[PDB]
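>>> Just dropping in an experimental structure and the matching sequence.
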Amino acid sequence: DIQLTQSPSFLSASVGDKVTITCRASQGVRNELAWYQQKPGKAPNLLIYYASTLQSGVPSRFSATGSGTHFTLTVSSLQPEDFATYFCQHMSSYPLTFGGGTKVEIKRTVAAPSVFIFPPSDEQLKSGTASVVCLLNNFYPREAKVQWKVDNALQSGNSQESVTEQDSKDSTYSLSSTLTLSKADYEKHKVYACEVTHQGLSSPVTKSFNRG
Amino acid sequence: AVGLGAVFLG
Amino acid sequence: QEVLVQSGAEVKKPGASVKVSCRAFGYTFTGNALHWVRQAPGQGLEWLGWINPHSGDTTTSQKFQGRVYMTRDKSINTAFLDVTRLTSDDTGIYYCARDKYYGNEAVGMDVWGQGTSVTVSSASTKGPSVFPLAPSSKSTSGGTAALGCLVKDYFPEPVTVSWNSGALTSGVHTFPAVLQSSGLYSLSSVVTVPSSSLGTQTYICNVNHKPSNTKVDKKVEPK
């Protein structure tokens, strides 16, 4: 199989910037390459075919070059509608393969998270399980570390994270970490804390509660 | 590129 | 004018088969080859194969040969994808996509169906339990508090969450669901409100899990 490597995988830019995405094929594919745009929850839309011809109705700020193994896609002036993920695809031989994608995000200033912790509700404690939720609200950039401690014991393997897409208004991110324990394990221990590390914080922020 | 033969034209 | 319309969401058990359909509108169906492409949650695009709707000829990616079958019915302008011996690795969104097909070769996928969600799991349908994320008794005086709803242990996707019957939309973050090791989904929905409004303003989350006909309203109040 021909592997398509895209670079970079992640890109931060501002409205009006010129950005170039790169697609390298592990073998030569001549001009038999297309580019696509995709937004969350949407099918891809074709931008470029024959490596450099614009698809009908695609704005002219998109252009692309390349032949053989090295291909680039350029947006001359990024607009709000252009923040999305971009894929290259070859069709020189089977199987048809896509590149891993390049996500273009909105650049903004550093914003520390607001951090909140939520003890499990009394109703859930009847069901036999405890869910502890730690919320990181409206931060930037997206990189963040969340760690759970129960009576100063680091927790591993019993938490799941979920993150939102970049907010259309303020361009921040939000993240949840959910600690799940059996009601039995939850009862033995007293101190529950999530420790948040993020470049907007002078040092890591801990939020905590005592069971009861 | 790869292909699958003729299709109905018009 | 060119539109591809796919059939609705599917939920299957491991080892079962699924048949997704894709009907072409707005152009001559037999005039363009049609691809099948899938996208696992949070993953990239994976090509399954393509079909010539005029002749019925196909090419199927080696990874899926013996398991994936592409057919078409000219009388209804519809192409079908059969995926057998399903596993949880087959969970994702499946697309049909037309190729421009200039000169009878692959050029680019210029028309995409809306996608068909396929979930492969042992889990059975189950509505969620909705629990409050109570605003802490340590709210900033004149600042901002945070409260929410935990929507736990449901199957399959999706659920929708609104706040105060849709009246509250500012500061709302409804997180993408995670798949718990149990095979059930769980998500939370949160909102930041002025701490001076606690007790004063009512905060209720509306949870809708149409797969199980579950509509839950849970009132979220400080403890």
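Sure, I can see it. Numbering: from 1, shown residues only, chains lettered A, B, ... in the order given.
>>> Please count neighbours and contacts with C-alpha atoms only from this point.
Will do.
>>> nearest spatial neighbour of the residue in chain B that chain A sits nearest to, skipping sequence neighbours?
Using CA to the nearest CA, the single residue of chain B nearest to chain A is residue B:1, 4.4 Å away. Excluding the flanking residues, the one nearest residue B:1 by CA to CA, 6 or more residues apart in numbering or on different chains is residue A:92, at 4.4 Å.
>>> Tell me who's in contact with the residue nearest to residue C:91 when sequence neighbours are not counted.
Spatial nearest neighbour of residue C:91, excluding adjacent residues (CA to CA, 6+ apart): residue C:119 at 4.7 Å. The contact partners of residue C:119, taken as CA atoms under 8 Å, 6 or more residues apart in numbering or on different chains, are C:10, C:11, C:12, C:88, C:90, C:91, C:92, C:156.
>>> Pull up the residues of chain B that are close to chain A.
Residues of chain B found near chain A, taking CA under 8 Å from any CA of the partner chain as the criterion, are B:1, B:2.
>>> Which single residue of chain B ends up nearest chain C?
Of all residues in chain B, residue B:3 sits closest to chain C, with a separation of 4.0 Å (CA to the nearest CA).
>>> how about the helices in chain A?
Taking DSSP state H to define them, one finds helices in chain A at A:122-127, A:183-188.
>>> Might one say that residue C:135 is in contact with residue C:144?
No - look at residue C:135 against residue C:144 with CA atoms under 8 Å: they stay out of range, at 10.1 Å.
>>> ok, these two, which is more surrounded?
Higher neighbour count among residue C:135 and residue C:144: residue C:135, with 22 against 14, using other CA atoms under 10 Å in any protein chain shown.
>>> How about the more buried one: what's its closest non-neighbour residue?
Excluding the flanking residues, the one nearest residue C:135 by CA to CA, 6+ apart is residue C:147, at 4.6 Å.
>>> what's near enough to touch that neighbour?
If you count contacts by CA under 8 Å, 6+ apart, residue C:147 has them with C:132, C:133, C:134, C:135, C:136, C:190, C:191, C:192, C:220.
>>> Now intersect these with the strands, please.
C:132, C:133, C:190, C:191, C:192 (DSSP state E).
>>> Tell me how far residue A:64 lies from residue C:110.
Separation of residue A:64 from residue C:110 (CA to CA, to the nearest Å) stands at 17 Å.
>>> between the helices of chain A, which gets nearest to chain C?
Nearest to chain C, of all those, is helix A:122-127, at 6.8 Å by CA to the nearest CA.
>>> Are the closest one and chain C in contact anywhere?
Yes - between helix A:122-127 and chain C, judged by CA under 8 Å from any CA, the touching residues are A:123, A:124.
>>> Next, the buried residues of that helix.
Across helix A:122-127, burial judged by 16 or more other CA atoms under 10 Å in any protein chain shown covers A:124, A:125.
>>> next one: stretch C:211-223
In terms of neighbour count (16+ other CA under 10 Å), stretch C:211-223 has its buried residues at C:216, C:217, C:218, C:219, C:220, C:221.
>>> that older thread, tell me the two of the contacts of residue C:147 that are most distant?
Maximum pairwise distance among the contacts of residue C:147 (CA to CA): 14.3 Å, between C:132 and C:192.
>>> now the ones in strands among the contacts of residue C:147 in CSV, with neighbour count and distance to residue A:192?
Listed next are the ones in strands among the contacts of residue C:147 as CSV, based on neighbours: other CA atoms under 10 Å in any protein chain shown; distance: CA to CA, whole Å:
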residue, neighbour count, distance to residue A:192
C:132, 27, 18
C:133, 25, 15
C:190, 23, 20
C:191, 19, 22
C:192, 16, 22
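>>> Distance of residue C:87 relative to residue A:6?
Spatial separation of residue C:87 from residue A:6 under the definition CA to CA is 29 Å.
>>> With adjacent residues omitted, what lies nearest to the residue located most distally from the centre of chain C?
When distances to the mean C-alpha position of chain C are computed (CA atoms, centre = their mean), the maximum falls on residue C:141, with 40.7 Å. Spatial nearest neighbour of residue C:141, excluding adjacent residues (CA to CA, 6+ apart): residue C:195 at 6.4 Å.
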